[PDB]
file structure-v5.txt (compact mmCIF, C-alpha atoms and all ligand atoms)
# COMPACT_ATOMS: atom_id res chain seq x y z
CA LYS A 18 323.96 133.54 49.77
CA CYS A 19 327.14 132.65 51.69
CA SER A 20 328.33 129.17 50.97
CA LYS A 21 329.94 126.49 53.15
CA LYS A 22 332.59 126.06 50.42
CA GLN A 23 335.65 128.33 50.17
CA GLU A 24 334.66 130.86 47.52
CA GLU A 25 337.44 133.36 48.19
CA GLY A 26 339.96 133.90 45.37
CA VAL A 27 338.30 131.36 43.10
CA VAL A 28 338.42 132.56 39.50
CA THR A 29 336.40 131.28 36.50
CA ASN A 30 336.61 131.28 32.70
CA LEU A 31 339.95 133.14 32.67
CA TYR A 32 340.64 131.54 29.25
CA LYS A 33 337.85 130.50 26.82
CA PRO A 34 337.74 128.34 23.55
CA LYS A 35 338.31 131.47 21.41
CA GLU A 36 341.61 132.41 23.20
CA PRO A 37 343.09 129.35 25.02
CA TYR A 38 346.34 129.50 26.92
CA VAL A 39 348.93 127.39 25.17
CA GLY A 40 350.79 125.36 27.78
CA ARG A 41 353.33 122.58 27.57
CA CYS A 42 353.67 118.86 28.35
CA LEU A 43 356.20 118.07 31.06
CA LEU A 44 355.31 114.52 32.15
CA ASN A 45 352.98 111.79 30.92
CA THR A 46 353.11 108.44 32.70
CA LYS A 47 350.77 105.46 32.33
CA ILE A 48 349.57 104.67 35.85
CA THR A 49 347.50 101.51 35.16
CA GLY A 50 349.30 98.10 34.84
CA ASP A 51 349.64 96.37 31.45
CA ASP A 52 346.86 93.89 32.09
CA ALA A 53 344.53 96.85 32.86
CA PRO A 54 341.34 96.98 30.76
CA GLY A 55 341.41 100.68 29.87
CA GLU A 56 344.77 102.47 30.22
CA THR A 57 344.95 105.73 32.24
CA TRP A 58 347.74 108.34 32.20
CA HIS A 59 348.81 111.03 34.69
CA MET A 60 349.89 114.22 33.10
CA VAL A 61 351.27 117.58 34.23
CA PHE A 62 351.42 120.91 32.33
CA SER A 63 353.28 124.23 32.45
CA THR A 64 350.98 127.16 33.23
CA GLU A 65 353.38 129.98 34.22
CA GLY A 66 351.32 130.47 37.44
CA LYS A 67 348.90 132.10 34.96
CA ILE A 68 345.96 129.91 36.05
CA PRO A 69 345.46 130.29 39.83
CA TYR A 70 343.17 127.28 40.06
CA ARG A 71 341.67 125.95 43.19
CA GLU A 72 341.09 122.41 44.50
CA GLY A 73 338.16 120.75 42.75
CA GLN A 74 338.07 122.64 39.56
CA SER A 75 338.48 121.14 36.12
CA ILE A 76 339.92 122.32 32.84
CA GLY A 77 339.23 122.32 29.15
CA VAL A 78 341.30 120.75 26.43
CA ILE A 79 341.18 121.67 22.77
CA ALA A 80 342.50 118.62 20.92
CA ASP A 81 344.86 119.18 18.00
CA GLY A 82 343.38 118.90 14.53
CA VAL A 83 340.00 119.77 13.06
CA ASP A 84 336.52 118.18 12.80
CA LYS A 85 334.94 117.28 9.43
CA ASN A 86 334.18 121.06 8.86
CA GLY A 87 337.76 122.46 9.17
CA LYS A 88 336.56 123.54 12.67
CA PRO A 89 338.40 122.85 15.97
CA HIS A 90 337.30 119.87 18.06
CA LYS A 91 335.02 120.64 21.02
CA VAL A 92 336.37 121.41 24.52
CA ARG A 93 336.64 118.34 26.68
CA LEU A 94 336.81 118.77 30.41
CA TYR A 95 339.11 117.04 32.85
CA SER A 96 339.03 117.27 36.64
CA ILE A 97 342.16 118.86 37.96
CA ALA A 98 344.33 116.28 39.62
CA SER A 99 347.07 118.44 41.19
CA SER A 100 346.55 120.70 44.22
CA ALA A 101 346.63 124.49 43.88
CA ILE A 102 350.36 124.38 44.36
CA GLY A 103 350.78 121.81 41.59
CA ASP A 104 352.66 118.55 41.80
CA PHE A 105 355.92 120.42 42.13
CA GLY A 106 354.50 122.70 44.81
CA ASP A 107 355.38 125.91 42.97
CA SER A 108 351.98 126.81 41.43
CA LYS A 109 353.31 126.87 37.81
CA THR A 110 351.79 123.49 37.11
CA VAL A 111 348.52 121.72 36.46
CA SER A 112 347.92 117.93 36.55
CA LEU A 113 345.34 115.79 34.71
CA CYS A 114 344.21 112.18 35.04
CA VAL A 115 343.12 110.71 31.73
CA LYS A 116 341.75 107.33 30.70
CA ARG A 117 342.22 106.52 27.02
CA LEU A 118 338.74 106.11 25.48
CA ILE A 119 338.91 102.93 23.35
CA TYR A 120 335.93 100.60 22.71
CA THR A 121 334.86 98.14 20.00
CA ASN A 122 331.31 98.75 18.57
CA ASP A 123 328.91 96.01 17.22
CA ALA A 124 330.58 96.05 13.72
CA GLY A 125 333.98 94.99 15.29
CA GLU A 126 335.29 98.57 14.74
CA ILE A 127 337.85 99.98 17.25
CA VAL A 128 336.60 103.49 18.23
CA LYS A 129 338.96 105.93 19.96
CA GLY A 130 338.15 109.13 21.93
CA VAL A 131 339.47 112.31 20.29
CA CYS A 132 340.60 114.23 23.38
CA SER A 133 341.34 111.20 25.60
CA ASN A 134 343.65 109.71 23.01
CA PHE A 135 345.20 113.06 22.07
CA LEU A 136 346.20 113.52 25.71
CA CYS A 137 347.61 110.12 26.63
CA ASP A 138 349.53 110.45 23.29
CA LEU A 139 351.36 113.58 24.40
CA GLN A 140 355.14 113.62 24.65
CA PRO A 141 357.30 115.85 26.82
CA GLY A 142 357.46 119.20 24.99
CA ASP A 143 354.22 119.11 23.06
CA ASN A 144 351.92 122.12 23.15
CA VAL A 145 348.45 122.05 24.84
CA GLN A 146 345.63 124.57 24.30
CA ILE A 147 344.03 125.19 27.71
CA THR A 148 340.61 126.57 28.78
CA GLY A 149 339.43 127.33 32.32
CA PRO A 150 339.55 127.06 35.20
CA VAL A 151 335.97 125.77 35.34
CA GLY A 152 333.51 124.54 37.98
CA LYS A 153 332.53 125.81 41.37
CA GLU A 154 330.59 122.70 42.13
CA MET A 155 333.41 120.72 43.65
CA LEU A 156 335.24 123.23 45.85
CA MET A 157 336.47 122.18 49.31
CA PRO A 158 334.57 122.99 52.46
CA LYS A 159 335.48 126.08 54.46
CA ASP A 160 335.41 123.89 57.59
CA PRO A 161 338.94 122.57 58.26
CA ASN A 162 337.41 120.15 60.83
CA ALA A 163 335.04 118.79 58.24
CA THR A 164 334.04 115.21 57.69
CA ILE A 165 334.75 114.88 53.93
CA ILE A 166 333.28 111.92 52.18
CA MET A 167 334.59 111.35 48.73
CA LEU A 168 333.00 108.81 46.42
CA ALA A 169 334.99 108.10 43.28
CA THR A 170 335.02 105.69 40.39
CA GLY A 171 337.88 105.71 37.93
CA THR A 172 339.08 109.12 36.72
CA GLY A 173 336.66 110.61 39.24
CA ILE A 174 339.41 110.36 41.80
CA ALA A 175 341.17 113.35 40.18
CA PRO A 176 339.67 116.22 42.19
CA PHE A 177 340.06 114.20 45.38
CA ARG A 178 343.72 113.83 44.58
CA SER A 179 343.77 117.58 44.45
CA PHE A 180 341.95 117.65 47.78
CA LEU A 181 344.16 115.34 49.73
CA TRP A 182 347.46 116.75 48.50
CA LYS A 183 346.51 120.06 50.06
CA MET A 184 345.16 118.35 53.18
CA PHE A 185 347.92 115.98 54.02
CA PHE A 186 350.94 116.62 51.93
CA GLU A 187 351.00 120.43 52.23
CA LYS A 188 351.62 122.97 55.03
CA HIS A 189 349.52 126.10 54.86
CA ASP A 190 349.36 128.84 57.41
CA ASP A 191 345.78 129.71 56.52
CA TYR A 192 344.81 126.08 56.22
CA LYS A 193 345.42 123.12 58.49
CA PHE A 194 342.92 120.28 58.28
CA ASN A 195 341.86 118.28 61.34
CA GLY A 196 338.61 116.45 60.65
CA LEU A 197 338.15 113.08 58.98
CA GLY A 198 338.95 112.36 55.34
CA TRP A 199 337.14 109.21 54.19
CA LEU A 200 337.67 107.98 50.67
CA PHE A 201 335.84 105.34 48.68
CA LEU A 202 337.30 104.41 45.29
CA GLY A 203 335.75 101.82 43.03
CA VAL A 204 337.45 100.21 40.03
CA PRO A 205 337.53 97.10 37.78
CA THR A 206 340.93 95.61 38.68
CA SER A 207 343.81 95.87 41.13
CA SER A 208 345.63 97.08 37.99
CA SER A 209 343.17 100.02 37.55
CA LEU A 210 343.75 101.10 41.18
CA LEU A 211 345.12 104.67 40.75
CA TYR A 212 347.67 106.49 42.99
CA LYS A 213 347.39 103.84 45.76
CA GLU A 214 350.97 104.18 47.19
CA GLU A 215 350.30 107.87 47.61
CA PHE A 216 347.16 107.38 49.67
CA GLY A 217 349.24 104.81 51.47
CA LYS A 218 351.85 107.43 52.40
CA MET A 219 348.99 109.58 53.65
CA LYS A 220 347.22 106.90 55.68
CA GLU A 221 350.71 106.39 56.99
CA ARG A 222 351.27 109.98 58.12
CA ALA A 223 347.68 110.66 59.21
CA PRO A 224 346.17 107.38 60.44
CA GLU A 225 343.07 108.78 62.25
CA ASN A 226 342.55 111.81 59.92
CA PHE A 227 342.40 109.65 56.83
CA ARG A 228 340.39 106.54 56.02
CA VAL A 229 340.47 104.83 52.66
CA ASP A 230 338.42 102.08 51.17
CA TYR A 231 338.72 100.62 47.70
CA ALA A 232 336.27 98.52 45.72
CA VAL A 233 337.65 96.21 43.04
CA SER A 234 334.52 94.97 41.25
CA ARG A 235 336.39 92.09 39.49
CA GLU A 236 338.49 90.76 42.40
CA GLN A 237 336.36 90.97 45.50
CA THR A 238 332.86 90.10 46.60
CA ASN A 239 330.97 90.67 49.85
CA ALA A 240 329.62 88.22 52.45
CA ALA A 241 326.57 88.12 50.15
CA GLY A 242 328.76 86.82 47.22
CA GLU A 243 328.21 89.83 44.88
CA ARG A 244 330.77 91.99 43.02
CA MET A 245 332.34 94.73 45.18
CA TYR A 246 331.00 97.93 43.73
CA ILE A 247 331.47 101.31 45.39
CA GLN A 248 328.02 101.00 46.91
CA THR A 249 328.83 97.45 48.10
CA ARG A 250 331.95 98.56 49.96
CA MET A 251 330.04 101.56 51.35
CA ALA A 252 327.19 99.31 52.48
CA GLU A 253 329.85 97.80 54.77
CA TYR A 254 329.61 100.97 56.85
CA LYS A 255 325.97 101.83 56.22
CA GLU A 256 325.99 102.58 59.98
CA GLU A 257 328.60 105.35 60.62
CA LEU A 258 327.80 106.75 57.22
CA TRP A 259 324.08 107.12 57.84
CA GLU A 260 325.00 108.44 61.22
CA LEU A 261 327.60 110.91 59.89
CA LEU A 262 324.88 111.93 57.44
CA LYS A 263 323.05 113.79 60.15
CA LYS A 264 326.07 115.91 61.23
CA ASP A 265 326.49 119.54 60.21
CA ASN A 266 330.11 119.25 59.29
CA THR A 267 329.88 116.18 57.08
CA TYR A 268 330.21 117.07 53.36
CA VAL A 269 329.80 114.52 50.61
CA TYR A 270 331.49 114.63 47.25
CA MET A 271 330.76 112.22 44.41
CA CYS A 272 332.81 112.09 41.20
CA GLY A 273 333.28 109.81 38.19
CA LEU A 274 331.18 107.67 35.93
CA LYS A 275 327.57 108.49 35.27
CA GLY A 276 325.67 105.61 36.79
CA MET A 277 327.52 105.05 40.04
CA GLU A 278 324.86 107.10 41.86
CA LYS A 279 321.97 104.83 41.00
CA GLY A 280 324.06 102.24 42.90
CA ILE A 281 324.49 104.61 45.84
CA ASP A 282 320.97 106.04 45.94
CA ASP A 283 319.61 102.46 46.11
CA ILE A 284 321.67 101.84 49.26
CA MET A 285 320.54 105.15 50.81
CA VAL A 286 316.89 104.43 50.13
CA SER A 287 316.78 101.48 52.56
CA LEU A 288 318.77 103.44 55.22
CA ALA A 289 316.38 106.42 55.03
CA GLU A 290 313.02 104.58 55.39
CA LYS A 291 314.63 103.06 58.53
CA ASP A 292 314.12 106.43 60.29
CA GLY A 293 310.84 106.89 58.35
CA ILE A 294 312.64 109.30 55.94
CA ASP A 295 312.23 109.80 52.17
CA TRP A 296 315.72 109.89 50.69
CA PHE A 297 315.45 112.30 47.80
CA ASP A 298 313.98 114.95 50.12
CA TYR A 299 316.80 114.45 52.54
CA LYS A 300 319.10 114.50 49.49
CA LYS A 301 317.81 117.78 48.15
CA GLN A 302 318.22 119.23 51.66
CA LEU A 303 321.86 118.26 52.02
CA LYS A 304 322.39 119.73 48.58
CA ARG A 305 320.81 123.03 49.65
CA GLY A 306 323.30 122.73 52.49
CA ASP A 307 326.07 122.27 49.88
CA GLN A 308 326.55 119.03 51.82
CA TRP A 309 326.03 116.84 48.74
CA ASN A 310 327.99 117.54 45.60
CA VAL A 311 327.96 115.56 42.30
CA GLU A 312 330.19 115.65 39.25
CA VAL A 313 329.72 112.65 36.92
CA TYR A 314 330.33 112.06 33.21
CA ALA B 1 314.10 154.10 48.12
CA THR B 2 311.49 152.89 50.63
CA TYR B 3 310.55 149.19 51.13
CA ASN B 4 308.00 147.16 53.14
CA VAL B 5 309.01 145.60 56.45
CA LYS B 6 306.91 143.10 58.37
CA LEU B 7 307.82 142.56 61.98
CA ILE B 8 306.90 139.42 63.81
CA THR B 9 307.13 140.62 67.39
CA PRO B 10 306.33 138.16 70.27
CA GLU B 11 303.07 140.13 70.38
CA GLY B 12 302.14 139.64 66.73
CA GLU B 13 302.86 141.05 63.32
CA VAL B 14 303.07 144.71 62.19
CA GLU B 15 304.23 146.28 58.91
CA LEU B 16 305.71 149.65 57.98
CA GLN B 17 307.65 151.71 55.45
CA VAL B 18 311.42 152.16 55.74
CA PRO B 19 313.73 154.38 53.62
CA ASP B 20 316.97 152.52 52.61
CA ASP B 21 319.12 155.24 54.34
CA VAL B 22 317.43 154.90 57.77
CA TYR B 23 318.17 152.12 60.24
CA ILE B 24 315.23 149.81 60.84
CA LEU B 25 314.81 150.19 64.64
CA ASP B 26 314.97 153.99 64.20
CA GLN B 27 311.82 153.77 62.07
CA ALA B 28 310.02 151.24 64.37
CA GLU B 29 310.45 153.64 67.27
CA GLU B 30 308.95 156.80 65.58
CA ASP B 31 306.26 154.45 64.37
CA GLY B 32 305.60 153.71 68.04
CA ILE B 33 306.90 150.13 68.18
CA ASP B 34 308.79 148.81 71.22
CA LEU B 35 311.73 146.63 70.02
CA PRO B 36 314.55 145.55 72.33
CA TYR B 37 317.89 147.47 72.16
CA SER B 38 320.96 148.59 74.12
CA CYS B 39 324.10 149.96 72.40
CA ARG B 40 322.49 151.22 69.25
CA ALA B 41 325.86 150.98 67.58
CA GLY B 42 325.73 147.40 66.39
CA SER B 43 328.15 145.63 68.62
CA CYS B 44 325.72 144.05 71.10
CA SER B 45 322.91 141.47 71.17
CA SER B 46 319.77 143.27 72.41
CA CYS B 47 318.08 144.24 69.13
CA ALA B 48 318.57 140.68 67.79
CA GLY B 49 316.25 139.30 65.20
CA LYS B 50 316.06 136.80 62.34
CA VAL B 51 315.72 137.38 58.56
CA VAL B 52 312.81 135.28 57.22
CA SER B 53 312.98 136.85 53.72
CA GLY B 54 314.34 139.83 51.85
CA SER B 55 317.77 141.41 52.20
CA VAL B 56 319.52 144.02 54.43
CA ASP B 57 322.69 146.20 54.42
CA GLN B 58 324.05 145.73 57.92
CA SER B 59 327.60 146.66 56.94
CA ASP B 60 328.96 148.57 59.95
CA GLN B 61 327.86 146.13 62.63
CA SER B 62 330.63 144.28 64.41
CA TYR B 63 328.99 141.84 66.91
CA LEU B 64 328.06 138.85 64.69
CA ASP B 65 330.52 136.53 62.95
CA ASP B 66 329.82 135.49 59.32
CA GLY B 67 328.06 132.19 60.22
CA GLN B 68 325.47 134.17 62.19
CA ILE B 69 325.05 136.51 59.13
CA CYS B 70 324.98 133.33 57.04
CA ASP B 71 322.32 132.14 59.46
CA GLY B 72 320.19 135.25 58.70
CA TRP B 73 320.75 136.82 62.12
CA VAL B 74 320.47 140.59 62.19
CA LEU B 75 321.18 143.61 64.38
CA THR B 76 318.15 145.84 64.04
CA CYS B 77 319.90 149.00 65.37
CA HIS B 78 322.33 148.83 62.45
CA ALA B 79 320.41 147.29 59.61
CA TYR B 80 319.20 149.31 56.60
CA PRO B 81 316.93 147.55 54.07
CA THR B 82 317.89 146.79 50.42
CA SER B 83 314.53 145.03 49.77
CA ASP B 84 311.08 144.28 51.14
CA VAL B 85 311.92 142.26 54.24
CA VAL B 86 310.15 140.10 56.87
CA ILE B 87 311.75 139.94 60.39
CA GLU B 88 311.24 138.30 63.81
CA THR B 89 312.26 140.52 66.72
CA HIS B 90 312.98 139.77 70.43
CA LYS B 91 315.37 137.04 69.37
CA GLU B 92 318.28 137.82 71.67
CA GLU B 93 317.55 134.89 74.01
CA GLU B 94 317.48 132.58 70.94
CA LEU B 95 320.93 133.89 69.96
CA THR B 96 321.82 133.65 73.66
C1 LIG A 401 332.99 117.58 34.73
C2 LIG A 401 333.69 116.50 33.93
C3 LIG A 401 334.84 115.92 34.46
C4 LIG A 401 335.52 114.93 33.74
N1 LIG A 401 336.64 114.38 34.29
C5 LIG A 401 337.28 113.41 33.60
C6 LIG A 401 338.50 112.78 34.15
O1 LIG A 401 338.95 113.17 35.28
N2 LIG A 401 339.10 111.82 33.41
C7 LIG A 401 338.64 111.44 32.18
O2 LIG A 401 339.25 110.56 31.53
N3 LIG A 401 337.53 111.97 31.62
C8 LIG A 401 336.82 112.93 32.25
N4 LIG A 401 335.65 113.49 31.68
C9 LIG A 401 335.18 113.09 30.35
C10 LIG A 401 336.03 113.79 29.28
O3 LIG A 401 335.62 115.18 29.14
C11 LIG A 401 335.94 113.09 27.93
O4 LIG A 401 334.56 113.12 27.53
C12 LIG A 401 336.47 111.65 27.92
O5 LIG A 401 337.80 111.59 28.43
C13 LIG A 401 336.48 111.06 26.51
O6 LIG A 401 336.71 112.10 25.55
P1 LIG A 401 337.25 111.83 24.06
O7 LIG A 401 337.27 113.17 23.34
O8 LIG A 401 338.49 110.99 24.14
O9 LIG A 401 336.10 110.91 23.43
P2 LIG A 401 335.09 111.59 22.40
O10 LIG A 401 335.86 111.96 21.16
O11 LIG A 401 334.36 112.70 23.13
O12 LIG A 401 334.10 110.36 22.12
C14 LIG A 401 332.97 110.15 22.95
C15 LIG A 401 331.76 109.94 22.06
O13 LIG A 401 331.56 108.54 21.83
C16 LIG A 401 330.45 108.05 22.56
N5 LIG A 401 330.95 107.25 23.69
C17 LIG A 401 331.63 107.76 24.73
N6 LIG A 401 331.96 106.80 25.63
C18 LIG A 401 331.49 105.62 25.17
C19 LIG A 401 331.49 104.20 25.65
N7 LIG A 401 332.08 103.84 26.83
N8 LIG A 401 330.88 103.27 24.86
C20 LIG A 401 330.28 103.62 23.70
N9 LIG A 401 330.25 104.89 23.21
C21 LIG A 401 330.82 105.93 23.89
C22 LIG A 401 329.71 109.25 23.14
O14 LIG A 401 328.37 109.30 22.64
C23 LIG A 401 330.51 110.48 22.74
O15 LIG A 401 329.80 111.30 21.80
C24 LIG A 401 334.98 114.47 32.40
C25 LIG A 401 333.84 115.05 31.86
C26 LIG A 401 333.16 116.04 32.57
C27 LIG A 401 331.92 116.62 31.93
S1 LIG A 402 321.33 147.17 70.52
FE1 LIG A 402 323.52 146.77 70.67
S2 LIG A 402 323.76 146.52 68.47
FE2 LIG A 402 321.55 146.80 68.34
call {"tool": "encode", "arguments": {"input": "structure-v5.txt", "output": "structure tokens"}}
result
Amino acid sequence: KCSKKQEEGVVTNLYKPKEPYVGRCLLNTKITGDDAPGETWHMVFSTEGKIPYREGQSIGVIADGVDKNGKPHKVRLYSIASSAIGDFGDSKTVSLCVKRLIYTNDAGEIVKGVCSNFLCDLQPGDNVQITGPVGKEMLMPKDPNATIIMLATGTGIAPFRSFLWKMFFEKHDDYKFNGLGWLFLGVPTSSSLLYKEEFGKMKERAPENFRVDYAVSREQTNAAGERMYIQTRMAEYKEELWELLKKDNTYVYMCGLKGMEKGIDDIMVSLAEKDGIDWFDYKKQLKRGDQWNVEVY
Amino acid sequence: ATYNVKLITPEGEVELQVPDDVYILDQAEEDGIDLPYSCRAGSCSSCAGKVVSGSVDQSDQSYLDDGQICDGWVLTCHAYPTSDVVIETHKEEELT
């Protein structure tokens, strides 16, 4: 089966949990404000060009220390934030986007995520054990005139960072984009709003080729007076979207927090039965067409 | 190896046995079947047809781009089978 997603050169499982590449921490910057509910860091690692990753993949992280059994912790996966070329544009570099997992349970007890906290905690010069690259699910389309719809919530923006960098920041001989990049990103606060000035700079150098939309659940509501969730902002274009949904060169990508897609499906349900269509069957179909692609955690 | 081929001509279906080292149209002909053709060297459109199922080794054609191969289009004059395969013939106008 030939796919509508660039499958050429893509490598997988080059390093595994038994023999991880040990890389090194170069940067590590908090990118949420101080008032931000969750805290999310943007981090870059040294790779030696030894991991020729491609836009949309994700990597594994073996956290330092051992479980109760003297055994390593289990591989956590993080969507690759930098483009192929890295943030420095030299391909010796991988970039991650990590939210620090901290909650209180019903006993008042502050619980912290092993890997998430290990990573935000990293200082320039620390070592990182690295698995991957992993995932074929979220690779770009072959079509460089593609309509690319990217739904993201929180640290589900990561791959789409990787996407846009290549699309708008970078000059490739084999690859020049010229379709429409539409991005929807939903978050709690204007303080959780990741990488915004970047997307700005893009929207600024490709006004018609890029369209962004954000959804701050806790700082906006619609005409109907309800919290602006990803779906709610989307619903504001339920027209073009549904329209664009019947094109052959429109590819949808969804990434982030398990649950967002109930929100979205619900909106699509009412749009489908408009044309007399059952959604999930149209869904399936787009998927078979690699036109719908989902990566949530 | 020899595999089953089912041809859905515009004048109905007909099946037959094809060795994986013999081109498909070659067979059809000795088996008395009239399928459209021209070049018989896989860089034209006459023998056009569509893969419904099964696979073929049409390496050594040159007329179709990958999206037409992706679309299950096939040049009969230069397609060997690698499996039991069902095919519509007389599909040039549809490609055209
Ligand atoms: C394909 C993929 C892509 C991913 N991309 C990203 C990304 O870009 N950024 C990112 O930050 N993370 C991402 N993750 C999730 C990531 O792998 C980690 O699971 C996450 O960062 C927390 O890991 P941790 O080790 O810090 O927490 P852990 O030590 O794994 O603790 C989590 C455990 O606590 C429980 N738990 C987890 N969350 C909660 C909660 N909110 N409330 C109550 N209990 C909870 C769970 O049952 C789980 O067993 C991705 C996951 C997948 C599968
Ligand atoms: S007839 Fe020209 S390639 Fe088959």
call {"tool": "residues_near_ligand", "arguments": {"input": "structure-v5.txt", "ligand": "ligand LIG 402 (chain A)", "cutoff": "10 Å", "atoms": "only C-alpha atoms and all ligand atoms", "output": "PyMOL selection string"}}
result
chain B and resi 25+35-49+61-64+74-79+92
call {"tool": "interface_residues", "arguments": {"input": "structure-v5.txt", "of": "chain B", "to": "chain A", "cutoff": "9 Å", "atoms": "only C-alpha atoms", "output": "PyMOL selection string"}}
result
chain B and resi 66-67+69-70
call {"tool": "closest_residue", "arguments": {"input": "structure-v5.txt", "among": "A:44, A:94, A:166, A:137", "to": "ligand LIG 401 (chain A)", "atoms": "all atoms listed in the file"}}
result
A:94
call {"tool": "residues_near_ligand", "arguments": {"input": "structure-v5.txt", "ligand": "ligand LIG 401 (chain A)", "cutoff": "10 Å", "atoms": "only C-alpha atoms and all ligand atoms", "output": "PyMOL selection string"}}
result
chain A and resi 56-59+74-80+90-98+113-122+128-137+151-152+154-155+170-176+272-275+311-314
call {"tool": "residues_around", "arguments": {"input": "structure-v5.txt", "residues": "residue 32 (chain A)", "least_positions_apart": "3", "cutoff": "8 Å", "atoms": "all atoms listed in the file", "output": "ChimeraX atom specification"}}
result
/A:36-38,147-150
call {"tool": "atom_distance", "arguments": {"input": "structure-v5.txt", "atom1": "CA of residue 295 (chain A)", "atom2": "CA of residue 282 (chain A)"}}
result
11.4 Å
call {"tool": "residues_around", "arguments": {"input": "structure-v5.txt", "residues": "residue 12 (chain B)", "least_positions_apart": "6", "cutoff": "12 Å", "atoms": "only C-alpha atoms", "output": "ChimeraX atom specification"}}
result
/B:6,33,87-90
call {"tool": "atom_distance", "arguments": {"input": "structure-v5.txt", "atom1": "CA of residue 140 (chain A)", "atom2": "CA of residue 60 (chain A)"}}
result
10.0 Å
call {"tool": "closest_residue", "arguments": {"input": "structure-v5.txt", "among": "A:86, A:63, A:112, A:226", "to": "residue 145 (chain A)", "atoms": "all atoms listed in the file"}}
result
A:63
call {"tool": "atom_distance", "arguments": {"input": "structure-v5.txt", "atom1": "CA of residue 66 (chain A)", "atom2": "CA of residue 193 (chain A)"}}
result
23.1 Å
call {"tool": "closest_residue", "arguments": {"input": "structure-v5.txt", "among": "B:91, B:59, B:32, B:53", "to": "residue 9 (chain B)", "atoms": "all atoms listed in the file"}}
result
B:91
call {"tool": "closest_residue", "arguments": {"input": "structure-v5.txt", "among": "B:23, B:28, B:73, B:82", "to": "residue 7 (chain B)", "atoms": "all atoms listed in the file"}}
result
B:28
call {"tool": "closest_residue", "arguments": {"input": "structure-v5.txt", "among": "B:85, B:95, B:50, B:72", "to": "residue 5 (chain B)", "atoms": "only C-alpha atoms"}}
result
B:85
call {"tool": "closest_residue", "arguments": {"input": "structure-v5.txt", "among": "A:302, A:208, A:64, A:310", "to": "residue 278 (chain A)", "atoms": "all atoms listed in the file"}}
result
A:310
call {"tool": "residues_near_point", "arguments": {"input": "structure-v5.txt", "point": "(302.3, 148.2, 58.4)", "cutoff": "10 Å", "atoms": "only C-alpha atoms", "output": "ChimeraX atom specification"}}
result
/B:4-7,13-17,31
call {"tool": "residues_around", "arguments": {"input": "structure-v5.txt", "residues": "region 185-191 of chain A", "least_positions_apart": "2", "cutoff": "12 Å", "atoms": "all atoms listed in the file", "output": "PDB file with C-alpha atoms, keeping the file's coordinate frame"}}
result
ATOM      1  CA  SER A  99     347.070 118.440  41.190  1.00  0.00           C
ATOM      2  CA  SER A 100     346.550 120.700  44.220  1.00  0.00           C
ATOM      3  CA  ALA A 101     346.630 124.490  43.880  1.00  0.00           C
ATOM      4  CA  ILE A 102     350.360 124.380  44.360  1.00  0.00           C
ATOM      5  CA  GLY A 103     350.780 121.810  41.590  1.00  0.00           C
ATOM      6  CA  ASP A 104     352.660 118.550  41.800  1.00  0.00           C
ATOM      7  CA  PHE A 105     355.920 120.420  42.130  1.00  0.00           C
ATOM      8  CA  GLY A 106     354.500 122.700  44.810  1.00  0.00           C
ATOM      9  CA  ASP A 107     355.380 125.910  42.970  1.00  0.00           C
ATOM     10  CA  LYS A 159     335.480 126.080  54.460  1.00  0.00           C
ATOM     11  CA  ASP A 160     335.410 123.890  57.590  1.00  0.00           C
ATOM     12  CA  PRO A 161     338.940 122.570  58.260  1.00  0.00           C
ATOM     13  CA  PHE A 177     340.060 114.200  45.380  1.00  0.00           C
ATOM     14  CA  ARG A 178     343.720 113.830  44.580  1.00  0.00           C
ATOM     15  CA  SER A 179     343.770 117.580  44.450  1.00  0.00           C
ATOM     16  CA  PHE A 180     341.950 117.650  47.780  1.00  0.00           C
ATOM     17  CA  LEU A 181     344.160 115.340  49.730  1.00  0.00           C
ATOM     18  CA  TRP A 182     347.460 116.750  48.500  1.00  0.00           C
ATOM     19  CA  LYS A 183     346.510 120.060  50.060  1.00  0.00           C
ATOM     20  CA  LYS A 193     345.420 123.120  58.490  1.00  0.00           C
ATOM     21  CA  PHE A 194     342.920 120.280  58.280  1.00  0.00           C
ATOM     22  CA  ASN A 195     341.860 118.280  61.340  1.00  0.00           C
ATOM     23  CA  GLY A 196     338.610 116.450  60.650  1.00  0.00           C
ATOM     24  CA  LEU A 197     338.150 113.080  58.980  1.00  0.00           C
ATOM     25  CA  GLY A 198     338.950 112.360  55.340  1.00  0.00           C
ATOM     26  CA  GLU A 215     350.300 107.870  47.610  1.00  0.00           C
ATOM     27  CA  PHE A 216     347.160 107.380  49.670  1.00  0.00           C
ATOM     28  CA  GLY A 217     349.240 104.810  51.470  1.00  0.00           C
ATOM     29  CA  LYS A 218     351.850 107.430  52.400  1.00  0.00           C
ATOM     30  CA  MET A 219     348.990 109.580  53.650  1.00  0.00           C
ATOM     31  CA  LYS A 220     347.220 106.900  55.680  1.00  0.00           C
ATOM     32  CA  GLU A 221     350.710 106.390  56.990  1.00  0.00           C
ATOM     33  CA  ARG A 222     351.270 109.980  58.120  1.00  0.00           C
ATOM     34  CA  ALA A 223     347.680 110.660  59.210  1.00  0.00           C
ATOM     35  CA  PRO A 224     346.170 107.380  60.440  1.00  0.00           C
ATOM     36  CA  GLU A 225     343.070 108.780  62.250  1.00  0.00           C
ATOM     37  CA  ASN A 226     342.550 111.810  59.920  1.00  0.00           C
ATOM     38  CA  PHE A 227     342.400 109.650  56.830  1.00  0.00           C
TER      39      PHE A 227
END
call {"tool": "axis_aligned_box", "arguments": {"input": "structure-v5.txt", "around": "region 4-16 of chain B", "padding_each_side": "8 Å", "output": "AutoDock Vina command-line options"}}
result
--center_x 305.6 --center_y 143.9 --center_z 61.8 --size_x 22.9 --size_y 27.5 --size_z 33.2
